[PDB]
Amino acid sequence: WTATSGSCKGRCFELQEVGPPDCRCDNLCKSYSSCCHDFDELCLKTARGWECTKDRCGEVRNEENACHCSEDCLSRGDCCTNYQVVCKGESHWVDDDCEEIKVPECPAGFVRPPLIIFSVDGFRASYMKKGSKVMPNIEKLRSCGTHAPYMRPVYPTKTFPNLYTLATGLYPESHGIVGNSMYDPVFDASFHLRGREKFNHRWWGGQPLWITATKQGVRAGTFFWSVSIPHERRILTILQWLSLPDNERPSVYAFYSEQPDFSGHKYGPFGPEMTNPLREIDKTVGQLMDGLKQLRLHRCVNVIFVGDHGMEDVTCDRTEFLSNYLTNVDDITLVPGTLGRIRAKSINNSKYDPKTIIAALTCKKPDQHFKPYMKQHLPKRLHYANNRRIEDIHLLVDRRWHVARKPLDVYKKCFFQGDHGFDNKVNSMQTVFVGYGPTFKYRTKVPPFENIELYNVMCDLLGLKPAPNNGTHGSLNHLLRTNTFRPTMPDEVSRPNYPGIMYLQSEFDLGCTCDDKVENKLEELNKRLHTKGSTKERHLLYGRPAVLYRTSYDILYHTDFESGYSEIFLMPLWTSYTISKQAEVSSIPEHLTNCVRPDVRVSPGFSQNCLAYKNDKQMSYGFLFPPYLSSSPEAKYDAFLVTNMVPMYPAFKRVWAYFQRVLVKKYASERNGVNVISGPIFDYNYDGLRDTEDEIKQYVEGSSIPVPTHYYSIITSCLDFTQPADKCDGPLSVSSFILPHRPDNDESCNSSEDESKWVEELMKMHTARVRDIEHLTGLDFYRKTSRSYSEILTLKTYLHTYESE
Ligand SMILES: *[C@@H]1O[C@H](CO)[C@@H](O[C@@H]2O[C@H](CO)[C@@H](O[C@@H]3O[C@H](CO[C@H]4O[C@H](CO)[C@@H](O)[C@H](O[C@H]5O[C@H](CO)[C@@H](O)[C@H](O)[C@@H]5O[C@H]5O[C@H](CO)[C@@H](O)[C@H](O)[C@@H]5O)[C@@H]4O)[C@@H](O)[C@H](O[C@H]4O[C@H](CO)[C@@H](O)[C@H](O)[C@@H]4O[C@H]4O[C@H](CO)[C@@H](O)[C@H](O)[C@@H]4O)[C@@H]3O)[C@H](O)[C@H]2NC(C)=O)[C@H](O)[C@H]1NC(C)=O
Ligand SMILES: Cc1nnn(Cc2cc(C(F)(F)F)ccc2OCc2n[nH]c(=O)n2C)n1
Ligand SMILES: [Ca+2]
Ligand SMILES: [Cl-]
Ligand SMILES: [K+]
Ligand code: NA
Ligand SMILES: [Zn+2]
């Protein structure tokens with residue numbers, strides 16, 4: 001209840017929200033059923049429309065008008081945005097040449113350039129090129145400012161998760177807005193786009209930009225606009241707030257447009273009906289820039305033009321139905337559409353089995369347009385698991401498709417021709433970024449980057465300290481003229497040990513054998529220098545990784561590879577090697593098929609043993625440095641050290657062996673050498689972060705050898721591929737992956753075929769950023785390079801996507 005018989009006189013779009021049951025005149029009042037009686041009349045004026053005409057010039061102020069063309073309007077801050085153009089012979093901002101903004105050119109009393117975020121729903125990245133003829137104001141922002149070819153949204157590529165990610169720098173799993181609809185079992189409450197529960201603060205985690213600003217003494221305009229407030233009025237309100245006195249005026253503002261998403265759902269991303277919504281958004285941009293230029297703020301304000309996600313062609317006839325797969329379809333609740341989320345209809349039924357539901361959805365039809373996953377098996381790059389609101393069963397839906405429970409769900413609910421929500425690597429889901437202003441660079445193109453990075457930059461733009469977030473602060477410094485954040489490398493926590501030869505062969509009782517006893521001061525001094533780190537400059541190109549947590553580990557040198565070996569986990573944390581373009585692939589000789597050799601630098605007590613692998617009927621083993629790539633028959637013995645061994649399911653050894661035998665060599669040939677760092681990952685609680693030893697849920701049977709949940713590799717070479725990986729003078733090029741360590745290959749529907757038909761496809765699906773691997777391992781890579789740290793940070797955030805151009 002609100003006693004709505006107070007007044008909005010003098011309060012129109014008040015910045016501080018007053019508490020019920022006093023009536024409201026702030027933006028949001030419409031959405032709460034709480035506007036004062038006279039809100040529409042006073043605050044939502046429309047008389048005479050939105051543009052000055054020649055006859056209105058110097059008119060007698062009529063307070064009823066939407067905007068004014070009277071002489072006093074400039075000092076009142078309430079002119080129509082085109083006032084000076086019609087009545088003072090001024091040009092539109094878009095018709096002016098662009099001129100570099102070297103320093104902020106701001107009115108007196110401005111303590112810092114304001115930030116205006118112009119956010120557009122459903123604005124697919126390719127609209128920038130494809131709609132360029134109808135979007136002159138946007139194209140000027142884009143070519144005169146700083147722009148990326150596209151910006152990667154977060155998964156799911158829905159509206160609410162992406163806008164809140166923009167505001168917080170957090171993955172949806174951390175901020176809690178994990179979809180457009182959600183169930184929270186601890187609350188026992190549901191969140192929906194329609195309705196009232198969405199207004200409860202307990203859904204909304206992290207710290208959004210407006211709260212960060214406020215807590216730090218920077219004033220913020222509203223980020224949420226009521227849908228009934230038209231766009232012209234949102235602009236005029238921002239422009240009015242910008243005319244407030246210094247002590248009252250916000251420093252950060254947001255505009256939001258429901259377009260082009262609204263029309264995109266109806267007509268598809270490139271429907272002929274899409275041209276008009278793009279023209280209209282551009283006109284709104286035009287209104288802002290003309291308005292700012294009137295207030296002499298157009299070389300003062302930083303403007304960000306940013307989308308939440310793109311839009312794909314999706315129709316009713318491209319719907320897979322769970323009823324075509326399951327028989328107990330009534331025992332389930334599906335969150336449907338461009339992603340699937342499945343849970344039990346009743347918490348009272350313990351006859352519901354997630355395992356049988358998954359198997360019933362796995363590889364059942366030759367062209368099947370979705371893939372079921374337990375959430376913890378989703379690609380780690382999605383970061384979509386560590387929240388009680390994300391259901392255990394997830395369906396990743398092919399682009400252009402929907403999933404629904406029963407056919408009745410579609411026809412009793414073709415309307416739609418466009419949708420979004422798919423895997424955030426998909427080209428059609430990409431969206432836009434442009435920055436324009438004194439703090440951004442002039443006429444600069446930057447590489448594509450992820451929307452999680454922007455919060456840090458917006459904080460830098462406003463002189464704020466960002467709350468803890470998932471951005472990598474410094475990785476977007478290259479967007480900025482000034483205001484950069486000078487990041488420093490994290491301090492190493494654990495220094496390595498460098499063991500020499502300390503154990504006799506007979507001290508080991510590991511149950512391992514090797515056919516290796518065959519007996520030279522040329523080649524004895526040779527192996528010696530190799531075990532002290534002589535070829536280490538070849539195999540460790542960027543310094544050793546730093547260990548950022550407290551642990552016990554040894555650096556081990558070898559002719560062909562170097563490793564950091566963990567006495568705690570009994571295996572390397574990392575193994576580093578370089579494979580030149582010229583390198584030869586050889587086979588594992590027959591006599592060495594089952595060879596595992598004691599490492600005389602490492603105690604029996606800190607070594608693995610072969611007996612555990614014999615006894616464990618499910619678990620086998622692989623090697624981190626591949627025997628196939630040894631530089632010599634003699635160097636090959638190093639690859640069979642017990643210290644290079646890691647536990648591997650036979651089903652996973654198929655994947656790993658193909659990567660090591662075929663793909664490493666393919667990459668070296670293509671990229672002119674590669675440096676590879678590979679290792680295990682333990683993430684049993686699927687939080688994206690390195691497990692402590694007490695979190696490990698699985699060991700090789702009857703041993704203390706922990707089983708990894710994943711294996712990673714980071715594959716680096718010269719960006720100028722005319723230079724070999726081992727002698728690169730400039731910027732680097734990287735691709736990485738985090739492969740799930742699974743006892744079956746149920747994920748790959750074509751896995752009974754040759755590895756050449758499926759393995760690389762799997763690896764591509766599990767592409768990763770170096771930064772993802774850092775979180776998962778507590779390691780810090782690229783410590784010793786000739787590149788600036790900001791550049792390295794950008795490299796660590798790079799994702800190799802495997803989408804076409
Ligand atoms: C992306 O960036 C983010 C932000 O940096 C990273 O997330 C952080 O990770 C930290 C480590 O996981 C985590 O720190 C823990 O926080 C606990 C207190 O947390 C509250 O306070 C903060 C700060 O104001 C707040 O942000 C939190 O908000 C969460 O919870 C509410 C709902 O309750 C949500 O509204 C909100 O969205 C958010 O949810 C998300 O995080 C939680 C976990 O906190 C998940 O459960 C959700 O799924 C969701 O993703 C909180 O309100 C604190 O209690 C922890 O301390 C324990 O662990 C330490 C180890 O140092 C130990 O020493 C202590 O003893 C203690 O253990 C005790 O509790 C245990 C569990 O109950 C119990 O087992 C023990 O026996 C002990 O009793 C811990 O410090 C930090 O909160 C989050 N922050 C956010 C915002 O998510 C994220 O990791 C990044 N991702 C990647 C991939 O890098
Ligand atoms: C979800 C969600 N999370 N954060 N927001 C606020 C918000 C943030 C931005 C930002 F951060 F990119 F700048 C832009 C626009 C925003 O809201 C627009 C809006 N008005 N009305 C309405 O329904 N919406 C969604 N919305
Ligand atoms: Ca973990
Ligand atoms: Cl959703
Ligand atoms: K075995
Ligand atoms: Na399979
Ligand atoms: Zn939409």
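Quick note: numbers below take in every heavy atom, side chains included, and nothing from hydrogens, waters or symmetry partners. In this chain, numbering begins with 1 at the start of the sequence shown. When a ligand or atom number is given, it counts from 1 through the structure's own listing order.
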*Asks:* Is the closest N or O pair between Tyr171 and ligand 1 shorter than 3.5 Å?
*Replies:* no

*Asks:* Do you know which two heavy atoms are closest between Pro161 and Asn180, and how far apart they sit?
*Replies:* CD-OD1, 3.7 Å

*Asks:* What's the shortest distance from atom 32 (C) of ligand 1 to any protein heavy atom, and which residue and atom give it?
*Replies:* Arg388 NH1, 4.8 Å

*Asks:* Check step by step if salt bridge (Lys or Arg N to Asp or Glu O under 4.0 Å) holds for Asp330 and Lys406.
*Replies:* CA-CA 9 Å; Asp330 297 322; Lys406 296 191 283 205; 3.5 Å; yes

*Asks:* Taking the six-membered ring of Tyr549, is NZ or CZ of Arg690 closer than 6.0 Å to its centre and within 45° of its axis?
*Replies:* yes

*Asks:* Taking the minimum heavy-atom distance to atom 7 (O) of ligand 1, which of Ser174, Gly169, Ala385 ranks first?
*Replies:* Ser174

*Asks:* Heavy-atom pairs closer than 4.0 Å: do any link ligand 1 to the side chain of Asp772, the backbone, both, or neither?
*Replies:* neither

*Asks:* Is atom 17 (C) of ligand 1 less than 4.0 angstrom from some protein heavy atom?
*Replies:* no

*Asks:* Could any protein non-hydrogen atom be found less than 4.0 Å from atom 21 (O) of ligand 1?
*Replies:* no

*Asks:* So for atom CD, which belongs to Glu803, do other residues, nucleotides or ligands contribute more than 12 heavy atoms lying within a distance under 6.0 Å?
*Replies:* yes

*Asks:* Give the atoms of ligand 1, by number and element, whose distance to some non-hydrogen atom of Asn386 is under 4.0 Å.
*Replies:* 47 (C), 48 (O), 49 (C), 50 (O)

*Asks:* Looking only at distance, does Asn470 have an N or O less than 3.5 Å from an N or O of ligand 1?
*Replies:* yes

*Asks:* Can you tell me if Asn685 has an N, O or S atom under 3.0 Å away from the Ca ion (ligand 3)?
*Replies:* yes

*Asks:* Look up atom 82 (O) of ligand 1 and tell me if a protein heavy atom lies less than 4.0 Å from it?
*Replies:* no

*Asks:* Compute the angle centred on the Ca ion (ligand 3) spanning OD1 of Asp691 and OD1 of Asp687, and express it rounded to 10 degrees.
*Replies:* 170°

*Asks:* Answer yes or no: does atom CG of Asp491 have more than 12 heavy-atom neighbours from other residues, nucleotides or ligands under 6.0 Å?
*Replies:* no

*Asks:* Does the protein put any heavy atom within less than 4.0 Å of atom 37 (O) of ligand 1?
*Replies:* yes

*Asks:* Under a 3.5 Å cutoff, is there a donor and acceptor pairing between the side chains of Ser790 and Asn477?
*Replies:* yes

*Asks:* Taking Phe191's backbone N and O only, do any of them form a donor-acceptor pair with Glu197's side chain (distance below 3.5 Å, no angle check)?
*Replies:* no

*Asks:* Within a distance under 4.0 Å of any heavy atom of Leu170, pick out the atoms of ligand 1 and give their elements.
*Replies:* 2 (O), 3 (C), 4 (C)

*Asks:* Compute both the distance and the angle, then confirm whether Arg388 meets the cation-pi test with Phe187: under 6.0 Å from the six-membered ring centre, within 45 degrees of the axis.
*Replies:* yes

*Asks:* Answer yes or no for atom 42 (C) of ligand 1: protein heavy atom present at a distance under 4.0 Å?
*Replies:* no

*Asks:* Any donor-acceptor pair under 3.5 Å linking the side-chain atoms of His766 with those of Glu747?
*Replies:* yes

*Asks:* Could you list the atoms of ligand 1 found under 4.0 angstrom from a heavy atom of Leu689?
*Replies:* 89 (O), 94 (O)

*Asks:* On the six-membered ring of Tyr649, is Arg742 placed so that its NZ or CZ lies under 6.0 angstrom from the centre and within 45° of the ring axis?
*Replies:* no

*Asks:* At what distance is the nearest protein heavy atom to atom 26 (O) of ligand 1, and which residue and atom is it?
*Replies:* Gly206 N, 5.0 Å

*Asks:* Strictly less than 4.0 Å: does any protein heavy-atom distance to atom 1 (C) of ligand 1 fall in that range?
*Replies:* yes

*Asks:* If the cut-off is 4.0 Å to any non-hydrogen atom of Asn387, which atoms of ligand 1 fall inside it?
*Replies:* 48 (O), 49 (C)

*Asks:* If you consider just the N/O/S atoms, which atom of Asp683 is the closest one to the Ca ion (ligand 3)?
*Replies:* OD1

*Asks:* Below 3.0 Å, any N, O or S contact between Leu689 and the Ca ion (ligand 3)?
*Replies:* yes

*Asks:* Going by a strict under-4.0 Å cutoff (protein heavy atoms only), does atom 50 (O) of ligand 1 have a neighbour on the protein?
*Replies:* yes

*Asks:* Might you point out which heavy atoms bring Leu361 and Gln368 nearest each other, and give the distance in Å?
*Replies:* O-NE2, 2.5 Å

*Asks:* Is any heavy atom of the protein nearer than 4.0 Å to atom 90 (C) of ligand 1?
*Replies:* yes

*Asks:* Closest heavy-atom contact between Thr794 and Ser475?
*Replies:* OG1-O, 2.8 Å

*Asks:* Relative to the heavy atoms of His175, which atoms of ligand 1 are at a distance of less than 4.0 Å?
*Replies:* 37 (O)

*Asks:* Tell me: protein heavy atom nearest atom 5 (O) of ligand 1, and distance?
*Replies:* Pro468 CB, 3.4 Å

*Asks:* Looking only at protein heavy atoms, which one is nearest to atom 35 (O) of ligand 1, and how far off is it?
*Replies:* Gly205 CA, 3.7 Å

*Asks:* Check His741 against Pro708 and note the closest heavy-atom contact, atom names and distance.
*Replies:* ND1-O, 2.8 Å

*Asks:* Which of the numbered atoms in ligand 1 are below 4.0 angstrom from a heavy atom of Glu173?
*Replies:* 49 (C), 50 (O)

*Asks:* May I ask you to check whether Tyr155 and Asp423 show a side-chain donor-acceptor distance below 3.5 Å?
*Replies:* no

*Asks:* To check you understand the geometry: which heavy-atom pair defines the closest contact between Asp419 and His265, and what is its length?
*Replies:* OD1-CE1, 3.0 Å

